[PDB]
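Engineer: From the sequence below, what's the structure:
(6 chains, ligands or ions: 44)
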Amino acid sequence: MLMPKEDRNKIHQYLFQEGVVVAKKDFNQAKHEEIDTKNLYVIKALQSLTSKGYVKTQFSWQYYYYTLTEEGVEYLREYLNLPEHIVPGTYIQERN
Amino acid sequence: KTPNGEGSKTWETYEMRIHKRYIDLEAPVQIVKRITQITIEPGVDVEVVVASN
Amino acid sequence: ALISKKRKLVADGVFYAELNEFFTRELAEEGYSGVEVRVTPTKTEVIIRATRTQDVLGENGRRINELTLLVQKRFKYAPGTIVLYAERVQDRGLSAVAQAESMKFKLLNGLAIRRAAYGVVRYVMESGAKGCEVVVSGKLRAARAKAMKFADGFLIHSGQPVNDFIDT
Amino acid sequence: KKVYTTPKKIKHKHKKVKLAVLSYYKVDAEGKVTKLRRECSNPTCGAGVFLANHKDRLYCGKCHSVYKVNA
Amino acid sequence: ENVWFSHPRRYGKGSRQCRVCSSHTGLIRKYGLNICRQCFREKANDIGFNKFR
RNA sequence: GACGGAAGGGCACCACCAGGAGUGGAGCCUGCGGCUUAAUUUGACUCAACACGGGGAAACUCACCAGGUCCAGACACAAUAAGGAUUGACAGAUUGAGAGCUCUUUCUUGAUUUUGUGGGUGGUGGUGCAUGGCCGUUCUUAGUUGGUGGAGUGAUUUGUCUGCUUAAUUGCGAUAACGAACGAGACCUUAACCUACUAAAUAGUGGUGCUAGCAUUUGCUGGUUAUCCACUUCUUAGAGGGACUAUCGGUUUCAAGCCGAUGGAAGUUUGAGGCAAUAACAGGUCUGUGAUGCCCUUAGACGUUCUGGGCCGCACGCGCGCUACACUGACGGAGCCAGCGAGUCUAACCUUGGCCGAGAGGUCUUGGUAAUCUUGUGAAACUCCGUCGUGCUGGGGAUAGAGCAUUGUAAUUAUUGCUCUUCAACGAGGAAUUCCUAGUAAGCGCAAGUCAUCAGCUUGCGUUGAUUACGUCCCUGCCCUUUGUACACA
Ligand SMILES: [Mg+2]
Ligand SMILES: [Mg+2]
Ligand SMILES: [Mg+2]
Ligand SMILES: [Mg+2]
Ligand SMILES: [Mg+2]
Ligand SMILES: [Mg+2]
Ligand SMILES: [Mg+2]
Ligand SMILES: [Mg+2]
Ligand SMILES: [Mg+2]
Ligand SMILES: [Mg+2]
Ligand SMILES: [Mg+2]
Ligand SMILES: [Mg+2]
Ligand SMILES: [Mg+2]
Ligand SMILES: [Mg+2]
Ligand SMILES: [Mg+2]
Ligand SMILES: [Mg+2]
Ligand SMILES: [Mg+2]
Ligand SMILES: [Mg+2]
Ligand SMILES: [Mg+2]
Ligand SMILES: [Mg+2]
Ligand SMILES: [Mg+2]
Ligand SMILES: [Mg+2]
Ligand SMILES: [Mg+2]
Ligand SMILES: [Mg+2]
Ligand SMILES: [Mg+2]
Ligand SMILES: [Mg+2]
Ligand SMILES: [Mg+2]
Ligand SMILES: [Mg+2]
Ligand SMILES: [Mg+2]
Ligand SMILES: [Mg+2]
Ligand SMILES: [Mg+2]
Ligand SMILES: [Mg+2]
Ligand SMILES: [Mg+2]
Ligand SMILES: [Mg+2]
Ligand SMILES: [Mg+2]
Ligand SMILES: [Mg+2]
Ligand SMILES: [Mg+2]
Ligand SMILES: [Mg+2]
Ligand SMILES: [Mg+2]
Ligand SMILES: [Mg+2]
Ligand SMILES: [Mg+2]
Ligand SMILES: [Mg+2]
Ligand SMILES: [Zn+2]
Ligand SMILES: [Zn+2]
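Structural biologist: Residues are numbered from 1 along each chain as shown, chains lettered A, B, ... in the order given. Ligands and ions are numbered 1, 2, ... in the order given. Shown next is the protein structure:
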């Protein structure tokens, strides 16, 4: 999908530090939770990612519950140019 | 009872029963912080409201 | 807040019904059998009752860490107000939810319809159950759909104890 | 039902032709550069954009619709 | 950047949709559940609605 | 096995008798067919299509029709391309249009993309005669199969039954069958009963203070929320109690059971429901589903979106309902009686009270996230007091004109409410046909569902409350055996 570099870089930055990105299947919204871009700019960004691996997708009641896999860790590390030994989301804070 | 319009016109009903209690207890605040962490139960709402004013 | 009890208790049932299908689709390959929810202040408890909890836990807490994030990032919970607990179900072969998922994985691997049905009826009746039946509908080497009744045991079909003693 | 036996109706999309856009300057030797097509006073794009003069009207392509600059 | 493509959808059947499959026919507005009547029966046991009478 | 204008037995008011209110006749609301149309989207056709798809369609919904946009064609490969591979836009032109859709034009945007191949995605597209699921129906009637042992060379049969008794394959019993599994029954929910239990300022009463009016000899009728206490009779519902055909009198050879009386809140399975087997249908739904095989389509789109129109058009036929054909009634005052319910958070729901207005309604505030406020939903039929006096009348309110308002961005094909005026057909409905056995039929209104607004629909509830059976197989039709068959697509 044709989208500017400001909108796409706000998605992959939020995807790496959190792991879970959800988006209700509802258009002409353009303002949703914790992401500045449109609802359309979130869904088609990661739907471009599903056909090459790197992410797992479950539908779940029109809400699009997404799941990052271990292969998409290397792709977002090269994209954002973040250094190694910092993997957020996988390691638990204290016990559980 | 049917998803389509064909068939005899059979209707289907459902019900959910809601039960509600309230107990007035002139209690000190020390036993208030104990009674909330005890007697927990799923599907049960526990509300504590301010006094008569 | 400020929701009437004729709507809040209904929305709590929608909350259970919404999480029934998602933890069925996501935890399909882990032997899902049903959940229960326990709401307490400062910590909401959702018990994940499955057959195999190591695959739910994953390698040193990676999959169960994501399942807590799948809930609170859409349902608008604060971070740290929801904990999902994994629990292994007791006596696998007594709940028909996990045995229905076992029918799906045998047919996707290429196993025959007669052997996959007979393997479960021999498993349920030896697990300590009173009776079981397996009904398979659809086409079975045909262009026209049929139905077979693989029943074995003591099964009643009418009345109140149907709502208490069988899982469908 | 829907064989679409309507008339011709020749319609197409836009072009966005790649002409020599940045070949329009007035450079001198030793050493000054006199820039034609004078800029705007837009406080969002500071001294970077230009204006196109068609007929008694200078328009900014960066801003979308309505900013009237005349010369 | 879209003056077009929008329509007032604050009322009627097209204003809302079912939270199960986005169906517009046979929807329940009562009790704030918004389930269509075909998918309500498959999930009535999950919510707590049972058949007594 | 099916079917008999075959026999025996049994049952049903989706069957009939004794009846009740009807429909069919009239207007109108709505659904279907037909006709018409740019489109009048399309399923369903005896029960088991037709006020059905929860379908009370102004946009949306909608799939139809006439036009204009958008890519939201993932990714892979190849090619073009930083000297710009493509995005956006004013004014004018153009367009229904303040869509740059395209064009006159020259700034913009930066590889996120474009072109082609390959492959996906979407579809209320086709196929329910590829299906899953769910429902309807055959059966709302009592049926339904295995283990082992008998009969037969076998298909099969016995068990699963001559008789008697029940709503029932219910049982008593009889017996090459003996013991079991389903359905029925049981169970569950609700309506009825407990002057007993645990309790209640979110349910009520009594008493004591204050206080208003009438009689005044002590009274009577009301008001007032932490004044002050007691109680749980009603109302609410936790745990329980309670009919079991009990007791008694007859009847069948005892026995299962039936009938009558008394007692008792209740003696038709206490009344009414929920659940409801085996086998089956080319029953219905691909238009509930991101449940789905296959096929078609995939960009001047059978994707999606916007504007407008349609689904409401019509010489005619049918179905379900509404209002009526009055004086057991209309009309005007007055009497004034319920239950099942439902209601607003990051908003605009149910509405009391006070003003304005003939009404519709408007306005200012308040209570209630609810046994609290709306709400005692002081609803209608009804009851009283009057007018009316038989005349298509004052019964009937269809049709049609003008105006005032509400809902909504938008109401023209009048959304709907209100006021004036118009005031037709219809004088008890032919042949036929539907529903119903007690607080049921019928009359009556309310709430809820769909809902921004609109039922004349439907799901529940309450008020008033009959006549006539307590049977039979005559008609329609269903079970059990016996028998006939050239039927098995029965
Ligand atoms: Mg039984
Ligand atoms: Mg029963
Ligand atoms: Mg074409
Ligand atoms: Mg619209
Ligand atoms: Mg009679
Ligand atoms: Mg109408
Ligand atoms: Mg009609
Ligand atoms: Mg039509
Ligand atoms: Mg068509
Ligand atoms: Mg069709
Ligand atoms: Mg037929
Ligand atoms: Mg029938
Ligand atoms: Mg109806
Ligand atoms: Mg269509
Ligand atoms: Mg020019
Ligand atoms: Mg079929
Ligand atoms: Mg089917
Ligand atoms: Mg044998
Ligand atoms: Mg027999
Ligand atoms: Mg037999
Ligand atoms: Mg009971
Ligand atoms: Mg009492
Ligand atoms: Mg049956
Ligand atoms: Mg259908
Ligand atoms: Mg439909
Ligand atoms: Mg379907
Ligand atoms: Mg073309
Ligand atoms: Mg072409
Ligand atoms: Mg072309
Ligand atoms: Mg338009
Ligand atoms: Mg229209
Ligand atoms: Mg009179
Ligand atoms: Mg009167
Ligand atoms: Mg009265
Ligand atoms: Mg308020
Ligand atoms: Mg009350
Ligand atoms: Mg009253
Ligand atoms: Mg009266
Ligand atoms: Mg008729
Ligand atoms: Mg009503
Ligand atoms: Mg209504
Ligand atoms: Mg009878
Ligand atoms: Zn500018
Ligand atoms: Zn749905």
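
Engineer: ok, so what distance separates residue C:42 from ligand 24?
Structural biologist: Distance from residue C:42 to ligand 24, counting by CB to the ion, to the nearest Å: 51 Å. Backbone N, C-alpha and C define where each C-beta goes, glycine included.

Engineer: what's the residue nearest to that residue when sequence neighbours are not counted in contact with, if anything?
Structural biologist: Nearest non-adjacent residue to residue C:42, counting by CB to CB, 6 or more residues apart in numbering or on different chains: residue C:81, 7.4 Å away. Residue C:81 makes contacts with C:42-44, C:72, as judged by CB atoms under 8 Å, 6 or more residues apart in numbering or on different chains.

Engineer: next one: residue B:14
Structural biologist: E:44, E:49-51.

Engineer: Mark which of those residues are buried, thanks.
Structural biologist: Among those, the ones that count as buried by 16 or more other CB atoms under 10 Å in any protein chain shown are E:44, E:49.

Engineer: Which ones among the contacts of residue B:14 lie within helices?
Structural biologist: Counting by DSSP state H, the part of the contacts of residue B:14 found in helices is residue E:44.

Engineer: Out of the contacts of residue B:14, which are close to RNA strand F?
Structural biologist: Of the residues in the contacts of residue B:14, proximity to RNA strand F by CB under 7 Å from any atom of the strand holds for residue E:51.

Engineer: now the contacts of residue B:14 in JSON lines, with distance to ligand 24?
Structural biologist: Listed next are these as JSON lines, based on distance: CB to the ion, whole Å:
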{"residue": "E:44", "distance to ligand 24": "21"}
{"residue": "E:49", "distance to ligand 24": "24"}
{"residue": "E:50", "distance to ligand 24": "27"}
{"residue": "E:51", "distance to ligand 24": "23"}
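
Engineer: In PyMOL, how would I select the buried members of the contacts of residue C:81?
Structural biologist: Command for PyMOL, covering only those of those found buried under the criterion 16+ other CB under 10 Å:
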select buried, chain C and resi 44+72
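
Engineer: can you give me the strands in chain C?
Structural biologist: Assigned by DSSP state E, chain C shows strands spanning C:32-38, C:44-50, C:82-88, C:131-138, C:146-153.

Engineer: Quick one: name the residues of chain E near ligand 44.
Structural biologist: Proximity of chain E to ligand 44, by CB under 5 Å from the ion, involves residues E:18, E:20-21, E:23, E:36, E:39.

Engineer: hey, what's residue C:47 bridged with?
Structural biologist: Taking DSSP bridges as the rule, residue C:47 bridges to residue C:36, residue C:85.

Engineer: Chain E: helices as residue ranges?
Structural biologist: Ranges of helices in chain E, per DSSP H, are E:39-42, E:44-47.

Engineer: And the last one, how far out from the chain middle?
Structural biologist: Yep, that's helix E:44-47 we're talking about. The chain centre lies 16 Å from the centre of helix E:44-47; the measure is CA atoms, centre = their mean, to the nearest Å.

Engineer: Can you flag the buried ones in the residues of chain E next to ligand 44?
Structural biologist: E:18, E:20, E:36, E:39.

Engineer: Residue E:47: neighbouring residues, count only.
Structural biologist: Per other CB atoms under 10 Å in any protein chain shown, the neighbour tally for residue E:47 reads 23.

Engineer: show me the contacts for the nearest residue to it once chain neighbours are set aside.
Structural biologist: Spatial nearest neighbour of residue E:47, excluding adjacent residues (CB to CB, 6+ apart): residue C:13 at 3.2 Å. By CB under 8 Å, 6+ apart, residue C:13 lies in contact with B:16, E:46-49.

Engineer: For chain C, give the helix that spans the most residues.
Structural biologist: Longest helix in chain C, counting by DSSP H: helix C:5-25.

Engineer: Just to check, residue A:62 is in contact with residue E:34?
Structural biologist: No: contact criterion CB atoms under 8 Å: residue A:62 and residue E:34 do not qualify, at 11.4 Å.

Engineer: overlap in contacts of the two?
Structural biologist: residue E:19.

Engineer: that older thread, make JSON lines from the contacts of residue C:81 and add distance to RNA strand F to it.
Structural biologist: Formatted as JSON lines, the contacts of residue C:81 follow (distance: CB to the nearest atom of the strand, whole Å):
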{"residue": "C:42", "distance to RNA strand F": "19"}
{"residue": "C:43", "distance to RNA strand F": "22"}
{"residue": "C:44", "distance to RNA strand F": "17"}
{"residue": "C:72", "distance to RNA strand F": "16"}
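
Engineer: Please list which of the contacts of residue C:81 are also close to ligand 44.
Structural biologist: Counting by CB under 5 Å from the ion, the subset of the contacts of residue C:81 that neighbours ligand 44 is empty.

Engineer: Among the contacts of residue C:81, which pair sits farthest apart?
Structural biologist: With CB to CB as the measure, no two of those lie farther apart than C:42 and C:72, at 14.4 Å.

Engineer: give me the number of residues near residue A:3?
Structural biologist: Per other CB under 10 Å, the neighbour tally for residue A:3 reads 15.

Engineer: Could you find the closest non-adjacent residue to the one residue sitting closest to the centre of chain E?
Structural biologist: By CA atoms, centre = their mean, chain E has its centre lying nearest to residue E:18, at 2.8 Å. Nearest residue to residue E:18, sequence neighbours excluded (CB to CB, 6+ apart): residue E:36, at 4.3 Å.

Engineer: near RNA strand F, which residues of chain E show up?
Structural biologist: The interface of chain E toward RNA strand F, taken as CB under 7 Å from any atom of the strand, is made up of E:1, E:3-15, E:20-21, E:23-32, E:36-39, E:41-42, E:51-53.

Engineer: wait, isn't residue C:37 in contact with residue C:16?
Structural biologist: Yes: proximity of residue C:37 to residue C:16 meets the contact threshold set by CB under 8 Å, at 6.2 Å.

Engineer: How about residue C:151, nearest residue that isn't a chain neighbour?
Structural biologist: Closest residue to residue C:151 apart from its sequence neighbours, by CB to CB, 6+ apart: residue C:133 at 3.8 Å.

Engineer: so the one you found makes contact with residue C:148?
Structural biologist: No: here residue C:133 does not reach residue C:148: they are 10.4 Å apart, not a contact under CB under 8 Å.

Engineer: Next, count neighbours for residue C:35.
Structural biologist: For residue C:35, the number of neighbouring residues by other CB under 10 Å comes to 19.

Engineer: ah, wrong one, I meant residue A:15
Structural biologist: Counted with other CB under 10 Å, residue A:15 comes out at 24.

Engineer: do residue B:51 as well
Structural biologist: 4.
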